[PDB]
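Visitor: Enclosed is the structure file start_15.cif (mmCIF, C-alpha atoms and all ligand atoms).
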data_query
#
loop_
_atom_site.group_PDB
_atom_site.id
_atom_site.type_symbol
_atom_site.label_atom_id
_atom_site.label_comp_id
_atom_site.auth_asym_id
_atom_site.auth_seq_id
_atom_site.Cartn_x
_atom_site.Cartn_y
_atom_site.Cartn_z
ATOM 1 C CA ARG A 10 -23.315 33.017 -150.794
ATOM 2 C CA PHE A 11 -20.976 34.660 -148.301
ATOM 3 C CA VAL A 12 -22.244 38.224 -148.511
ATOM 4 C CA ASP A 13 -25.929 37.362 -147.965
ATOM 5 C CA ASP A 14 -25.453 36.785 -144.219
ATOM 6 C CA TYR A 15 -22.261 38.758 -143.506
ATOM 7 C CA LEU A 16 -23.059 41.289 -140.766
ATOM 8 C CA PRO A 17 -20.849 44.185 -142.000
ATOM 9 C CA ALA A 18 -22.385 43.938 -145.472
ATOM 10 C CA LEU A 19 -25.908 43.847 -144.020
ATOM 11 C CA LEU A 20 -25.222 46.889 -141.832
ATOM 12 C CA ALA A 21 -23.650 48.862 -144.668
ATOM 13 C CA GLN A 22 -26.487 48.181 -147.112
ATOM 14 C CA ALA A 23 -29.252 48.870 -144.582
ATOM 15 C CA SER A 24 -27.580 52.114 -143.523
ATOM 16 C CA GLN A 25 -27.106 53.285 -147.108
ATOM 17 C CA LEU A 26 -30.684 52.531 -148.139
ATOM 18 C CA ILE A 27 -32.320 54.116 -145.072
ATOM 19 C CA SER A 28 -30.110 57.232 -145.006
ATOM 20 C CA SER A 29 -30.297 57.836 -148.775
ATOM 21 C CA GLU A 30 -34.100 57.974 -148.516
ATOM 22 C CA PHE A 31 -33.956 60.912 -146.112
ATOM 23 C CA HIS A 32 -31.107 62.633 -147.999
ATOM 24 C CA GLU A 33 -33.472 63.678 -150.780
ATOM 25 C CA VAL A 34 -35.632 65.453 -148.192
ATOM 26 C CA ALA A 35 -32.642 67.102 -146.568
ATOM 27 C CA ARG A 36 -31.437 68.484 -149.901
ATOM 28 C CA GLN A 37 -34.915 69.729 -150.771
ATOM 29 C CA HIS A 38 -34.602 71.727 -147.536
ATOM 30 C CA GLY A 39 -31.208 73.162 -148.537
ATOM 31 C CA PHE A 40 -28.961 70.833 -146.492
ATOM 32 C CA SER A 41 -26.089 68.736 -147.692
ATOM 33 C CA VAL A 42 -25.737 65.292 -146.124
ATOM 34 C CA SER A 43 -22.839 66.376 -143.932
ATOM 35 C CA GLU A 44 -24.520 69.632 -142.864
ATOM 36 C CA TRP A 45 -27.567 67.622 -141.813
ATOM 37 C CA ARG A 46 -25.469 65.092 -139.887
ATOM 38 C CA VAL A 47 -23.579 67.840 -138.053
ATOM 39 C CA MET A 48 -26.638 69.856 -137.091
ATOM 40 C CA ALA A 49 -28.679 66.795 -136.103
ATOM 41 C CA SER A 50 -25.802 65.500 -133.996
ATOM 42 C CA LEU A 51 -25.350 68.814 -132.196
ATOM 43 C CA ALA A 52 -29.060 69.466 -131.604
ATOM 44 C CA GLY A 53 -29.827 69.204 -127.905
ATOM 45 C CA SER A 54 -26.171 68.514 -127.069
ATOM 46 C CA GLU A 55 -23.712 70.146 -124.767
ATOM 47 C CA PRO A 56 -20.554 71.188 -126.647
ATOM 48 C CA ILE A 57 -18.568 68.192 -127.881
ATOM 49 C CA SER A 58 -15.059 67.787 -129.223
ATOM 50 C CA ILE A 59 -14.323 67.814 -132.943
ATOM 51 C CA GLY A 60 -13.237 64.177 -132.624
ATOM 52 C CA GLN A 61 -16.544 63.201 -131.015
ATOM 53 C CA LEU A 62 -18.423 65.050 -133.761
ATOM 54 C CA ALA A 63 -16.406 63.209 -136.411
ATOM 55 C CA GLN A 64 -17.230 59.866 -134.781
ATOM 56 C CA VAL A 65 -20.975 60.427 -134.417
ATOM 57 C CA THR A 66 -21.375 61.918 -137.923
ATOM 58 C CA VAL A 67 -19.169 59.156 -139.435
ATOM 59 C CA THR A 68 -17.123 61.851 -141.183
ATOM 60 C CA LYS A 69 -13.341 62.118 -141.401
ATOM 61 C CA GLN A 70 -12.003 64.743 -139.013
ATOM 62 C CA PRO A 71 -10.291 66.956 -141.660
ATOM 63 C CA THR A 72 -13.561 66.987 -143.613
ATOM 64 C CA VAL A 73 -15.498 67.952 -140.471
ATOM 65 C CA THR A 74 -13.032 70.760 -139.776
ATOM 66 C CA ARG A 75 -13.511 72.324 -143.225
ATOM 67 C CA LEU A 76 -17.276 71.864 -142.861
ATOM 68 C CA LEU A 77 -17.251 73.662 -139.524
ATOM 69 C CA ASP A 78 -15.219 76.505 -141.040
ATOM 70 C CA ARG A 79 -18.058 77.280 -143.407
ATOM 71 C CA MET A 80 -20.926 76.446 -141.019
ATOM 72 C CA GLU A 81 -19.410 78.778 -138.400
ATOM 73 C CA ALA A 82 -19.088 81.470 -141.079
ATOM 74 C CA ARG A 83 -22.844 81.004 -141.648
ATOM 75 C CA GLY A 84 -23.579 81.357 -137.928
ATOM 76 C CA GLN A 85 -24.966 77.818 -137.612
ATOM 77 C CA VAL A 86 -22.338 76.411 -135.230
ATOM 78 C CA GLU A 87 -19.719 77.765 -132.861
ATOM 79 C CA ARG A 88 -16.294 76.426 -131.951
ATOM 80 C CA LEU A 89 -15.021 77.098 -128.425
ATOM 81 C CA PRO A 90 -11.900 76.194 -126.443
ATOM 82 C CA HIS A 91 -11.952 73.322 -124.011
ATOM 83 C CA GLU A 92 -11.911 74.712 -120.491
ATOM 84 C CA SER A 93 -8.864 72.588 -119.558
ATOM 85 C CA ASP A 94 -6.995 71.039 -122.505
ATOM 86 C CA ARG A 95 -6.255 73.156 -125.582
ATOM 87 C CA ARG A 96 -5.475 70.192 -127.770
ATOM 88 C CA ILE A 97 -9.270 70.005 -127.803
ATOM 89 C CA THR A 98 -11.714 72.260 -129.631
ATOM 90 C CA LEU A 99 -15.389 71.981 -128.677
ATOM 91 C CA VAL A 100 -18.332 72.713 -130.955
ATOM 92 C CA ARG A 101 -22.015 73.506 -130.416
ATOM 93 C CA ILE A 102 -25.043 74.320 -132.538
ATOM 94 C CA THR A 103 -26.269 77.912 -132.366
ATOM 95 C CA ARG A 104 -29.861 79.041 -132.037
ATOM 96 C CA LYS A 105 -29.738 79.947 -135.734
ATOM 97 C CA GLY A 106 -28.624 76.404 -136.586
ATOM 98 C CA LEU A 107 -31.296 74.831 -134.389
ATOM 99 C CA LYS A 108 -34.044 76.915 -135.975
ATOM 100 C CA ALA A 109 -32.654 76.019 -139.405
ATOM 101 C CA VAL A 110 -32.829 72.272 -138.733
ATOM 102 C CA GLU A 111 -35.802 71.727 -136.390
ATOM 103 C CA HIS A 112 -38.396 71.145 -139.138
ATOM 104 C CA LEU A 113 -36.068 68.734 -140.918
ATOM 105 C CA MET A 114 -35.587 66.922 -137.599
ATOM 106 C CA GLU A 115 -39.343 66.436 -137.269
ATOM 107 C CA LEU A 116 -39.403 65.018 -140.807
ATOM 108 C CA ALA A 117 -36.524 62.721 -139.838
ATOM 109 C CA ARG A 118 -38.475 61.409 -136.849
ATOM 110 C CA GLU A 119 -41.436 60.725 -139.132
ATOM 111 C CA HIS A 120 -39.172 58.937 -141.637
ATOM 112 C CA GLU A 121 -37.731 56.745 -138.878
ATOM 113 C CA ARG A 122 -41.240 55.969 -137.634
ATOM 114 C CA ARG A 123 -42.178 54.793 -141.133
ATOM 115 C CA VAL A 124 -39.000 52.698 -141.455
ATOM 116 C CA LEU A 125 -39.623 50.950 -138.144
ATOM 117 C CA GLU A 126 -43.413 50.590 -138.168
ATOM 118 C CA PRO A 127 -43.479 47.235 -140.082
ATOM 119 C CA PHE A 128 -41.201 45.703 -137.451
ATOM 120 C CA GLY A 129 -43.205 46.688 -134.385
ATOM 121 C CA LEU A 130 -42.141 48.364 -131.164
ATOM 122 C CA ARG A 131 -40.426 45.272 -129.739
ATOM 123 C CA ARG A 132 -38.254 44.464 -132.763
ATOM 124 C CA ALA A 133 -37.484 48.177 -133.252
ATOM 125 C CA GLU A 134 -36.277 48.702 -129.690
ATOM 126 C CA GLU A 135 -34.266 45.477 -129.861
ATOM 127 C CA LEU A 136 -32.536 46.691 -133.020
ATOM 128 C CA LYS A 137 -31.708 50.102 -131.502
ATOM 129 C CA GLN A 138 -30.443 48.578 -128.245
ATOM 130 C CA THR A 139 -28.195 46.141 -130.095
ATOM 131 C CA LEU A 140 -26.756 48.876 -132.319
ATOM 132 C CA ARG A 141 -26.150 51.138 -129.317
ATOM 133 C CA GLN A 142 -24.343 48.340 -127.448
ATOM 134 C CA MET A 143 -22.219 47.562 -130.512
ATOM 135 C CA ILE A 144 -21.214 51.211 -130.883
ATOM 136 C CA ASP A 145 -20.295 51.512 -127.217
ATOM 137 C CA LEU A 146 -18.191 48.350 -127.400
ATOM 138 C CA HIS A 147 -16.331 49.377 -130.557
ATOM 139 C CA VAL A 148 -15.877 53.163 -130.326
ATOM 140 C CA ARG B 10 -30.383 64.270 -127.514
ATOM 141 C CA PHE B 11 -31.839 63.517 -130.934
ATOM 142 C CA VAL B 12 -28.939 61.600 -132.439
ATOM 143 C CA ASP B 13 -28.540 59.147 -129.532
ATOM 144 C CA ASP B 14 -31.606 57.112 -130.558
ATOM 145 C CA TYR B 15 -31.957 58.004 -134.256
ATOM 146 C CA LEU B 16 -31.878 54.747 -136.239
ATOM 147 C CA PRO B 17 -29.970 56.006 -139.332
ATOM 148 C CA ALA B 18 -27.241 57.457 -137.114
ATOM 149 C CA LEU B 19 -27.011 54.225 -135.105
ATOM 150 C CA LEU B 20 -26.764 52.124 -138.274
ATOM 151 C CA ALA B 21 -24.145 54.379 -139.842
ATOM 152 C CA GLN B 22 -21.921 54.442 -136.753
ATOM 153 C CA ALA B 23 -22.185 50.697 -136.101
ATOM 154 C CA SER B 24 -21.401 49.930 -139.739
ATOM 155 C CA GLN B 25 -18.402 52.263 -139.803
ATOM 156 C CA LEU B 26 -16.910 50.912 -136.580
ATOM 157 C CA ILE B 27 -17.363 47.221 -137.454
ATOM 158 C CA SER B 28 -16.187 47.521 -141.077
ATOM 159 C CA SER B 29 -13.192 49.748 -140.257
ATOM 160 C CA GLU B 30 -11.911 47.066 -137.867
ATOM 161 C CA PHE B 31 -11.682 44.504 -140.662
ATOM 162 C CA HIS B 32 -10.322 47.029 -143.196
ATOM 163 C CA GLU B 33 -6.925 47.025 -141.500
ATOM 164 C CA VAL B 34 -6.744 43.253 -142.008
ATOM 165 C CA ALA B 35 -7.845 43.509 -145.617
ATOM 166 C CA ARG B 36 -5.141 46.071 -146.390
ATOM 167 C CA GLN B 37 -2.502 43.980 -144.639
ATOM 168 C CA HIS B 38 -3.500 41.290 -147.154
ATOM 169 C CA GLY B 39 -3.118 43.665 -150.120
ATOM 170 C CA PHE B 40 -6.807 44.539 -150.650
ATOM 171 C CA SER B 41 -8.386 47.940 -150.809
ATOM 172 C CA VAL B 42 -11.795 48.301 -149.166
ATOM 173 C CA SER B 43 -13.610 48.309 -152.495
ATOM 174 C CA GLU B 44 -11.621 45.364 -153.886
ATOM 175 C CA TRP B 45 -12.533 43.380 -150.779
ATOM 176 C CA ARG B 46 -16.218 44.310 -151.037
ATOM 177 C CA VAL B 47 -16.356 43.329 -154.712
ATOM 178 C CA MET B 48 -14.602 39.997 -154.304
ATOM 179 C CA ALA B 49 -16.512 39.072 -151.141
ATOM 180 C CA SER B 50 -19.801 39.952 -152.815
ATOM 181 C CA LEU B 51 -19.033 37.869 -155.897
ATOM 182 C CA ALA B 52 -17.678 34.841 -154.015
ATOM 183 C CA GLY B 53 -20.062 31.925 -154.404
ATOM 184 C CA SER B 54 -22.384 33.961 -156.642
ATOM 185 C CA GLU B 55 -23.761 33.419 -160.079
ATOM 186 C CA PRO B 56 -22.956 36.374 -162.363
ATOM 187 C CA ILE B 57 -24.775 39.539 -161.304
ATOM 188 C CA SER B 58 -25.394 42.859 -162.998
ATOM 189 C CA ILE B 59 -23.137 45.852 -162.423
ATOM 190 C CA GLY B 60 -26.092 47.603 -160.777
ATOM 191 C CA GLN B 61 -26.619 44.712 -158.360
ATOM 192 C CA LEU B 62 -22.900 44.719 -157.546
ATOM 193 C CA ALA B 63 -23.030 48.462 -156.877
ATOM 194 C CA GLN B 64 -25.993 47.987 -154.531
ATOM 195 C CA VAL B 65 -24.530 45.123 -152.497
ATOM 196 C CA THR B 66 -21.062 46.727 -152.213
ATOM 197 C CA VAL B 67 -22.623 50.141 -151.380
ATOM 198 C CA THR B 68 -20.439 51.712 -154.075
ATOM 199 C CA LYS B 69 -21.478 54.212 -156.739
ATOM 200 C CA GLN B 70 -21.869 52.541 -160.121
ATOM 201 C CA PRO B 71 -19.271 54.676 -162.001
ATOM 202 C CA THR B 72 -16.762 53.877 -159.248
ATOM 203 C CA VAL B 73 -17.558 50.155 -159.520
ATOM 204 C CA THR B 74 -17.096 50.300 -163.290
ATOM 205 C CA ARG B 75 -13.592 51.789 -163.020
ATOM 206 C CA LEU B 76 -12.782 49.268 -160.280
ATOM 207 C CA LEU B 77 -13.874 46.393 -162.495
ATOM 208 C CA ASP B 78 -11.746 47.746 -165.350
ATOM 209 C CA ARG B 79 -8.632 47.249 -163.271
ATOM 210 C CA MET B 80 -9.749 44.063 -161.474
ATOM 211 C CA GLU B 81 -10.549 42.454 -164.845
ATOM 212 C CA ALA B 82 -7.121 43.543 -166.104
ATOM 213 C CA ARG B 83 -5.691 41.665 -163.093
ATOM 214 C CA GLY B 84 -7.703 38.541 -163.927
ATOM 215 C CA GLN B 85 -9.704 38.661 -160.683
ATOM 216 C CA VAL B 86 -13.161 39.232 -162.194
ATOM 217 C CA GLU B 87 -14.822 38.845 -165.571
ATOM 218 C CA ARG B 88 -17.530 40.907 -167.234
ATOM 219 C CA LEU B 89 -19.926 39.102 -169.580
ATOM 220 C CA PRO B 90 -22.966 40.088 -171.647
ATOM 221 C CA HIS B 91 -26.441 39.402 -170.374
ATOM 222 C CA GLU B 92 -27.927 36.555 -172.376
ATOM 223 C CA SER B 93 -31.022 38.631 -173.259
ATOM 224 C CA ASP B 94 -30.710 42.379 -172.602
ATOM 225 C CA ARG B 95 -27.537 44.210 -173.636
ATOM 226 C CA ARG B 96 -28.260 47.231 -171.508
ATOM 227 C CA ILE B 97 -26.995 44.866 -168.817
ATOM 228 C CA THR B 98 -23.430 43.742 -168.167
ATOM 229 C CA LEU B 99 -22.932 40.816 -165.783
ATOM 230 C CA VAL B 100 -19.868 40.205 -163.632
ATOM 231 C CA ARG B 101 -18.396 37.183 -161.849
ATOM 232 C CA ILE B 102 -15.354 36.383 -159.742
ATOM 233 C CA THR B 103 -12.708 34.224 -161.406
ATOM 234 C CA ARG B 104 -10.909 31.286 -159.851
ATOM 235 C CA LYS B 105 -7.879 33.560 -159.466
ATOM 236 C CA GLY B 106 -9.996 36.092 -157.561
ATOM 237 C CA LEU B 107 -11.532 33.420 -155.338
ATOM 238 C CA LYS B 108 -8.130 31.996 -154.438
ATOM 239 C CA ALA B 109 -6.899 35.535 -153.761
ATOM 240 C CA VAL B 110 -9.711 36.270 -151.295
ATOM 241 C CA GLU B 111 -10.573 32.947 -149.610
ATOM 242 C CA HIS B 112 -8.167 33.338 -146.665
ATOM 243 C CA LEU B 113 -9.364 36.890 -146.073
ATOM 244 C CA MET B 114 -12.943 35.579 -146.139
ATOM 245 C CA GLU B 115 -12.130 33.096 -143.376
ATOM 246 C CA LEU B 116 -10.643 35.953 -141.337
ATOM 247 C CA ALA B 117 -13.814 37.955 -142.000
ATOM 248 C CA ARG B 118 -15.974 35.121 -140.671
ATOM 249 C CA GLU B 119 -13.815 34.995 -137.544
ATOM 250 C CA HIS B 120 -14.098 38.781 -137.121
ATOM 251 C CA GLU B 121 -17.889 38.603 -137.410
ATOM 252 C CA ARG B 122 -17.968 35.760 -134.886
ATOM 253 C CA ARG B 123 -16.036 37.938 -132.430
ATOM 254 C CA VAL B 124 -18.315 40.940 -133.053
ATOM 255 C CA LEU B 125 -21.450 38.897 -132.417
ATOM 256 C CA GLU B 126 -20.306 36.590 -129.614
ATOM 257 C CA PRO B 127 -21.162 39.014 -126.731
ATOM 258 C CA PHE B 128 -24.741 39.233 -127.995
ATOM 259 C CA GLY B 129 -25.449 35.513 -128.212
ATOM 260 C CA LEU B 130 -26.916 33.430 -131.010
ATOM 261 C CA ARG B 131 -30.490 34.648 -130.482
ATOM 262 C CA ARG B 132 -29.757 38.386 -130.510
ATOM 263 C CA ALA B 133 -27.304 37.923 -133.406
ATOM 264 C CA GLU B 134 -29.796 36.102 -135.618
ATOM 265 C CA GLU B 135 -32.488 38.641 -134.732
ATOM 266 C CA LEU B 136 -30.198 41.481 -135.796
ATOM 267 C CA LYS B 137 -29.313 39.799 -139.114
ATOM 268 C CA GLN B 138 -32.944 38.936 -139.885
ATOM 269 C CA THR B 139 -34.082 42.493 -139.201
ATOM 270 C CA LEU B 140 -31.333 43.982 -141.376
ATOM 271 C CA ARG B 141 -32.109 41.548 -144.199
ATOM 272 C CA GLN B 142 -35.825 42.420 -144.063
ATOM 273 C CA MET B 143 -35.029 46.145 -144.068
ATOM 274 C CA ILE B 144 -32.781 45.777 -147.113
ATOM 275 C CA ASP B 145 -35.384 43.777 -149.010
ATOM 276 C CA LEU B 146 -38.061 46.361 -148.226
ATOM 277 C CA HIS B 147 -35.939 49.349 -149.250
ATOM 278 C CA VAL B 148 -33.810 48.169 -152.195
HETATM 279 O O1 LIG C 1 -18.393 46.085 -144.980
HETATM 280 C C1 LIG C 1 -18.035 45.058 -145.606
HETATM 281 O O2 LIG C 1 -17.048 44.367 -145.231
HETATM 282 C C2 LIG C 1 -18.773 44.660 -146.871
HETATM 283 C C3 LIG C 1 -18.396 43.484 -147.506
HETATM 284 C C4 LIG C 1 -19.067 43.128 -148.667
HETATM 285 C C5 LIG C 1 -20.074 43.927 -149.166
HETATM 286 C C6 LIG C 1 -20.446 45.090 -148.527
HETATM 287 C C7 LIG C 1 -19.786 45.455 -147.370
HETATM 288 O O3 LIG C 1 -20.155 46.630 -146.716
HETATM 289 O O1 LIG C 2 -27.618 58.956 -141.403
HETATM 290 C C1 LIG C 2 -27.988 59.970 -140.763
HETATM 291 O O2 LIG C 2 -29.042 60.593 -141.068
HETATM 292 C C2 LIG C 2 -27.129 60.490 -139.626
HETATM 293 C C3 LIG C 2 -27.597 61.574 -138.895
HETATM 294 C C4 LIG C 2 -26.805 62.053 -137.861
HETATM 295 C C5 LIG C 2 -25.591 61.463 -137.580
HETATM 296 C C6 LIG C 2 -25.136 60.383 -138.307
HETATM 297 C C7 LIG C 2 -25.915 59.898 -139.338
HETATM 298 O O3 LIG C 2 -25.464 58.806 -140.078
#
Here is a file; write its structure as structure tokens.
Guide:
Amino acid sequence: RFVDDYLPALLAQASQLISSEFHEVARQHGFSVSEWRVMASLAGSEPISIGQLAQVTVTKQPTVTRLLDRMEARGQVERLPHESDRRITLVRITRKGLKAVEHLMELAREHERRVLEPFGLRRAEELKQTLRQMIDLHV
Amino acid sequence: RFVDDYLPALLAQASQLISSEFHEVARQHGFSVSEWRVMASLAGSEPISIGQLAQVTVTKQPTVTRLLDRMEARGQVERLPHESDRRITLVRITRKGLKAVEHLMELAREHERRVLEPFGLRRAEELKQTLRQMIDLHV
């Protein structure tokens, strides 16, 4: 059966199952999926471009732009000009956004620890290294 | 930076980048993303439930049901009753659907081979085994 060992299908199913588990927690804490992805991706970051944010959150750029409109209205993020090119808008999390998401981020780390514990440290680090290398080759 | 090593973010980005590459090919062959996922997931399968199809194609069940309405109208799939429980509808690919997708499936196998070749057979099989185990634990 073709799909049983087809890498893109395996990645898509694993990603959906793992992320959907945490989504229930995020909503119980008042976050939508996309709000969580944006704030988690900006936490601890220097300002990044809207395009970079769209890539890392796996969200279409027009969707991200509308999302940032409302999150900036709520004081959770800030958009800023690029210091050279003004094709580029940069975005950062605010202190208000960080305080809003830090507890959820701890719960996310615990969730990931539970997901990876059956595989052991070696298999977990191998998985993360392979995924990171794949991203950097394909982005 | 939290997101750089957060497993769900790594899985989601890797899956998006790898699948989006093949999507351009699928569309050039007349398939939408969801049509491709359905036909690839049914190819070589015994009939499966609509819920199973929704899980493996990572598509919401109401979306899958509308998709099957039109794909069955086009003679590419067939819905059938479960031989015991009639809460359950089963679905299979037809010969017409298989012939429609088999060339695309060969191109998909070549694409996967290219994606995995830099990692080698050992790292590739490790990745697939880990993803399969994760799916089976979380489904
Ligand atoms: O990403 C794919 O190409 C795919 C194909 C079949 C089933 C699920 C999938 O994600
Ligand atoms: O799936 C997640 O939880 C996630 C979080 C941050 C960025 C991208 C993501 O897919």
Visitor: Provide as a PyMOL selection string the residues of chain A at most 9 Å from chain B, counting all atoms listed in the file.
Guide: chain A and resi 10-28+30+46+49-54+64-67+114+117-118+121+124-125+128+132-133+135-141+143-144+147-148
Visitor: Just need chain B moved onto chain A: least-squares over all Cα atoms matched in order, then output as a short mmCIF file (atom, residue, chain, number, x, y, z; two decimals) with C-alpha atoms, keeping the file's coordinate frame.
Guide:
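For reference, out.cif as written:
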data_model
loop_
_atom_site.label_atom_id
_atom_site.label_comp_id
_atom_site.auth_asym_id
_atom_site.auth_seq_id
_atom_site.Cartn_x
_atom_site.Cartn_y
_atom_site.Cartn_z
CA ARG B 10 -23.31 33.02 -150.79
CA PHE B 11 -20.98 34.66 -148.30
CA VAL B 12 -22.24 38.22 -148.51
CA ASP B 13 -25.93 37.36 -147.97
CA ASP B 14 -25.45 36.78 -144.22
CA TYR B 15 -22.26 38.76 -143.51
CA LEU B 16 -23.06 41.29 -140.77
CA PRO B 17 -20.85 44.18 -142.00
CA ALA B 18 -22.38 43.94 -145.47
CA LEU B 19 -25.91 43.85 -144.02
CA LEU B 20 -25.22 46.89 -141.83
CA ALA B 21 -23.65 48.86 -144.67
CA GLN B 22 -26.49 48.18 -147.11
CA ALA B 23 -29.25 48.87 -144.58
CA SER B 24 -27.58 52.11 -143.52
CA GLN B 25 -27.11 53.28 -147.11
CA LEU B 26 -30.68 52.53 -148.14
CA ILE B 27 -32.32 54.12 -145.07
CA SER B 28 -30.11 57.23 -145.01
CA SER B 29 -30.30 57.84 -148.77
CA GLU B 30 -34.10 57.97 -148.52
CA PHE B 31 -33.96 60.91 -146.11
CA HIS B 32 -31.11 62.63 -148.00
CA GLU B 33 -33.47 63.68 -150.78
CA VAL B 34 -35.63 65.45 -148.19
CA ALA B 35 -32.64 67.10 -146.57
CA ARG B 36 -31.44 68.48 -149.90
CA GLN B 37 -34.92 69.73 -150.77
CA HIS B 38 -34.60 71.73 -147.54
CA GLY B 39 -31.21 73.16 -148.54
CA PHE B 40 -28.96 70.83 -146.49
CA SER B 41 -26.09 68.74 -147.69
CA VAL B 42 -25.74 65.29 -146.12
CA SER B 43 -22.84 66.38 -143.93
CA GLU B 44 -24.52 69.63 -142.86
CA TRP B 45 -27.57 67.62 -141.81
CA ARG B 46 -25.47 65.09 -139.89
CA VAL B 47 -23.58 67.84 -138.05
CA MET B 48 -26.64 69.86 -137.09
CA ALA B 49 -28.68 66.80 -136.10
CA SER B 50 -25.80 65.50 -134.00
CA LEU B 51 -25.35 68.81 -132.20
CA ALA B 52 -29.06 69.47 -131.60
CA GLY B 53 -29.83 69.20 -127.90
CA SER B 54 -26.17 68.51 -127.07
CA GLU B 55 -23.71 70.15 -124.77
CA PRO B 56 -20.55 71.19 -126.65
CA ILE B 57 -18.57 68.19 -127.88
CA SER B 58 -15.06 67.79 -129.22
CA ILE B 59 -14.32 67.81 -132.94
CA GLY B 60 -13.24 64.18 -132.62
CA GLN B 61 -16.54 63.20 -131.01
CA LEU B 62 -18.42 65.05 -133.76
CA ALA B 63 -16.41 63.21 -136.41
CA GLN B 64 -17.23 59.87 -134.78
CA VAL B 65 -20.98 60.43 -134.42
CA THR B 66 -21.38 61.92 -137.92
CA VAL B 67 -19.17 59.16 -139.44
CA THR B 68 -17.12 61.85 -141.18
CA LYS B 69 -13.34 62.12 -141.40
CA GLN B 70 -12.00 64.74 -139.01
CA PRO B 71 -10.29 66.96 -141.66
CA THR B 72 -13.56 66.99 -143.61
CA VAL B 73 -15.50 67.95 -140.47
CA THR B 74 -13.03 70.76 -139.78
CA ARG B 75 -13.51 72.32 -143.22
CA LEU B 76 -17.28 71.86 -142.86
CA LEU B 77 -17.25 73.66 -139.52
CA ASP B 78 -15.22 76.51 -141.04
CA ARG B 79 -18.06 77.28 -143.41
CA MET B 80 -20.93 76.45 -141.02
CA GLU B 81 -19.41 78.78 -138.40
CA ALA B 82 -19.09 81.47 -141.08
CA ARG B 83 -22.84 81.00 -141.65
CA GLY B 84 -23.58 81.36 -137.93
CA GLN B 85 -24.97 77.82 -137.61
CA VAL B 86 -22.34 76.41 -135.23
CA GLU B 87 -19.72 77.77 -132.86
CA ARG B 88 -16.29 76.43 -131.95
CA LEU B 89 -15.02 77.10 -128.43
CA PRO B 90 -11.90 76.19 -126.44
CA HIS B 91 -11.95 73.32 -124.01
CA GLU B 92 -11.91 74.71 -120.49
CA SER B 93 -8.86 72.59 -119.56
CA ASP B 94 -7.00 71.04 -122.51
CA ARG B 95 -6.25 73.16 -125.58
CA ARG B 96 -5.48 70.19 -127.77
CA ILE B 97 -9.27 70.01 -127.80
CA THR B 98 -11.71 72.26 -129.63
CA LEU B 99 -15.39 71.98 -128.68
CA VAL B 100 -18.33 72.71 -130.95
CA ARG B 101 -22.02 73.51 -130.42
CA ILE B 102 -25.04 74.32 -132.54
CA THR B 103 -26.27 77.91 -132.37
CA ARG B 104 -29.86 79.04 -132.04
CA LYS B 105 -29.74 79.95 -135.73
CA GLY B 106 -28.62 76.40 -136.59
CA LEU B 107 -31.30 74.83 -134.39
CA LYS B 108 -34.04 76.91 -135.98
CA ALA B 109 -32.65 76.02 -139.41
CA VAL B 110 -32.83 72.27 -138.73
CA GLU B 111 -35.80 71.73 -136.39
CA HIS B 112 -38.40 71.15 -139.14
CA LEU B 113 -36.07 68.73 -140.92
CA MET B 114 -35.59 66.92 -137.60
CA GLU B 115 -39.34 66.44 -137.27
CA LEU B 116 -39.40 65.02 -140.81
CA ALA B 117 -36.52 62.72 -139.84
CA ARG B 118 -38.47 61.41 -136.85
CA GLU B 119 -41.44 60.73 -139.13
CA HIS B 120 -39.17 58.94 -141.64
CA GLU B 121 -37.73 56.75 -138.88
CA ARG B 122 -41.24 55.97 -137.63
CA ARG B 123 -42.18 54.79 -141.13
CA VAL B 124 -39.00 52.70 -141.45
CA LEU B 125 -39.62 50.95 -138.14
CA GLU B 126 -43.41 50.59 -138.17
CA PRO B 127 -43.48 47.24 -140.08
CA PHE B 128 -41.20 45.70 -137.45
CA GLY B 129 -43.21 46.69 -134.39
CA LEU B 130 -42.14 48.36 -131.16
CA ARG B 131 -40.43 45.27 -129.74
CA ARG B 132 -38.25 44.46 -132.76
CA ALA B 133 -37.48 48.18 -133.25
CA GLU B 134 -36.28 48.70 -129.69
CA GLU B 135 -34.27 45.48 -129.86
CA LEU B 136 -32.54 46.69 -133.02
CA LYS B 137 -31.71 50.10 -131.50
CA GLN B 138 -30.44 48.58 -128.25
CA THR B 139 -28.20 46.14 -130.09
CA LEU B 140 -26.76 48.88 -132.32
CA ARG B 141 -26.15 51.14 -129.32
CA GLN B 142 -24.34 48.34 -127.45
CA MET B 143 -22.22 47.56 -130.51
CA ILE B 144 -21.21 51.21 -130.88
CA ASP B 145 -20.29 51.51 -127.22
CA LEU B 146 -18.19 48.35 -127.40
CA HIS B 147 -16.33 49.38 -130.56
CA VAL B 148 -15.88 53.16 -130.33
#
Visitor: For ligand LIG 1 (chain C), which residue among B:43, B:37, B:70, B:103 is the nearest when counting all atoms listed in the file?
Guide: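 Of all the options, B:43 lies closest to ligand LIG 1 (chain C).
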Visitor: Given 5 Å on each side, where is the centre and what are the edge lengths in Å to one decimal of the axis-aligned box enclosing the listed atoms of ligand LIG 2 (chain C), as lines of an AutoDock Vina configuration file?
Guide:
center_x = -27.1
center_y = 60.4
center_z = -139.5
size_x = 13.9
size_y = 13.2
size_z = 13.8
Visitor: Evaluate the PyMOL selection byres (((chain B and resi 44) around 12) and not hetatm) on the structure here and hand back the selected residues as number ranges by chain.
Guide: B: 32, 35-36, 38-43, 45-51, 62, 66, 68, 72-81, 83, 85-86, 102, 106, 109-110, 113
